[PDB]
């Protein structure tokens, strides 16, 4: 397969490198025939003579137009006459792109901000991660000595553990008599020994957890400080820390650094994203953690280092086990977008969609729209459109509830009505599809750009969901659930891409249509099931709704539901279909987006309640869960009152564990761009002054202390919470946590 692609400079000309593992042997191919290029639109062909004269300087070397060739392409389906401008080195584009654009004759330039290595993959039709070639993996993690005030990566590395399919081992420079701990005295020698291990085993993939920000970055700093040649790559090169905005990423030429952190953050939604929490969510088994306070104590006292080695070994052990199950999922993702696994595992869903559209646009000789300037980006972010339909739920308890839901509503709407930028208000067509309310017209004579690509993703989701029923192993069922969720988010992102301010194929009118279509279908289906079939819709949210026949029994409501499904699906066009997504005995609808139902097997499923929100303490989630259990199962309202009263008694008496009193919250911005400072923002700003880097996406876990005033002023991180010194604000967790989450069931 094709692992990755980059380019070096030989005699001032770029040389594309293709890292590939063909027939079980590493190989690097060299292509020196690819030339940088980008298009330009001119008012008159006679101005091409005054365009080749435009020059620019790039550190002494003057940048000139190598060659020029007029090509005929298409822009959103209509033909266009553009001039292709060739260049010597890729870096010549960023130096002359702005000079060529501002020419009074040049209308606009196109495809000027495309990386060379990634332009080679699209133009040459090369697709990475394809081919029956198994990849050798090797996970590794490091243990560090951190002190309050010490700059990051300034302390020594205590242990360097690694794990592959052949077991897990730990390397340290302090005598530990454990069968898996190999002891060698120098930290440098530890690094150098780790260098021999990787070079000897020669893994194709290097799996880490947050290694781009800690494990591999810490190792790279010891490289430049201790003066070591960490030739870890297959070309004799050393790891390179690359910048991606605020975060950084480590690259190892010839190999693939698979950082599982960005992968898990896009696949699983957990309150906290620690390695011990991800292991519990995937494999369903607990993982013990050794904090830095105990690692620093074991290093100084010398006692207990065996347990520290057990933590480092387990760190690499679970990292390989998690990587062995999540790498194939990302390989499939890389095969769809057609980009290296390195870039795909660290890219957002919006970027993945754009990189796939850029490849398909080249396959169809379609000149790609260019990203918006800062002005248009701000203009797109300020504008919006009406979302989905939401109906105020009927209050009270209801019995014999059915949940009818549309099958991929928004994606199906795009394919059925050919909602795409190239088809929006296209003139000269024979058949059109008008969007409700919004009125946007879409050509249906030819398949749209986006609709022609969304069909396959929908089929894949129904295939994965089909194996979920045919799977008996719980581990394979959850892994398949992750795959179908990944396909749902990716497909739905195609819709969200229309509203993405940074999207090349930005189309608000396309996004307005998908919602207008969905709002019309759900509102008409609700009216049809009520007027014709006599159903009573209780709750409705976009693609689905909760309905029932008030006085009918369970057997009647279920049959009439399947009857209405065949009646409405026959009247629905194309891929538009409504599904029977489960029956429920009794249900409770608190408010909008928040409800709770119970099925035949007495399994209570909730939606939008505080039980699944990470910003609510577990003592509140546990109390709310037992209240729903006392109401939906037993139906004893007085029993729930005694439950919340028993919880408050334990809280006031300080009898609840501190682990059950943690509140997780995410830092979605930079600590400098926060208009208001909340509890989690105040704790983050305090950790930023202590050396901890609180970057966007960090989950803040704090505990409210017993005090008077602002909650943020009495908020302390969970790590520094000692029950001997600190005492939590029992009155806060009673009045502002346990009571409110359960008070909304007042009936």
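Residue numbers count along the first chain shown, from 1.
*Asks:* Please work out which of 489-497 and 98-106 has the higher mean CA B-factor as recorded in the PDB entry.
*Replies:* Taking the mean B-factor of the alpha carbons in each, 98-106 is higher.
*Asks:* Which is higher on mean Cα B factor in this entry, 157-165 or 413-421?
*Replies:* Higher of the two, by average CA B-factor, is 157-165.
*Asks:* Could you tell me which one of 126, 135, 552, 575 shows the highest CA temperature factor in the PDB record?
*Replies:* Comparing C-alpha B-factors across 126, 135, 552, 575, the maximum falls on 552.
*Asks:* Tell me which of 664, 502, 78, 585 tops the list for C-alpha B factor in the record.
*Replies:* 585 has the highest C-alpha B-factor of those listed.
*Asks:* Sorting the chain's modelled residues by C-alpha B-factor, tell me whether residue 534 ends up in the lowest, middle or highest third.
*Replies:* Its C-alpha B-factor belongs to the middle third of this chain's values.
*Asks:* Which third, lowest, middle or highest, does the C-alpha temperature factor of residue 441 belong to within its own chain?
*Replies:* Tercile = middle for this residue's CA B-factor.
*Asks:* By the recorded C-alpha temperature factor, relative to the other modelled residues in its chain, which third is residue 34 in?
*Replies:* It belongs to the lowest third of the chain when residues are ordered by C-alpha B-factor.
*Asks:* Can you tell me which third, lowest, middle or highest, the CA B-factor of residue 687 falls into for its chain?
*Replies:* Answer is highest: the recorded C-alpha B-factor places it there.
*Asks:* Using the B-factor values recorded in the entry, state whether the Cα atom of residue 738 falls in the lowest, middle or highest third among the modelled residues of its chain.
*Replies:* For residue 738, whose C-alpha B-factor we compare with every modelled residue in the chain, the answer is the middle third.
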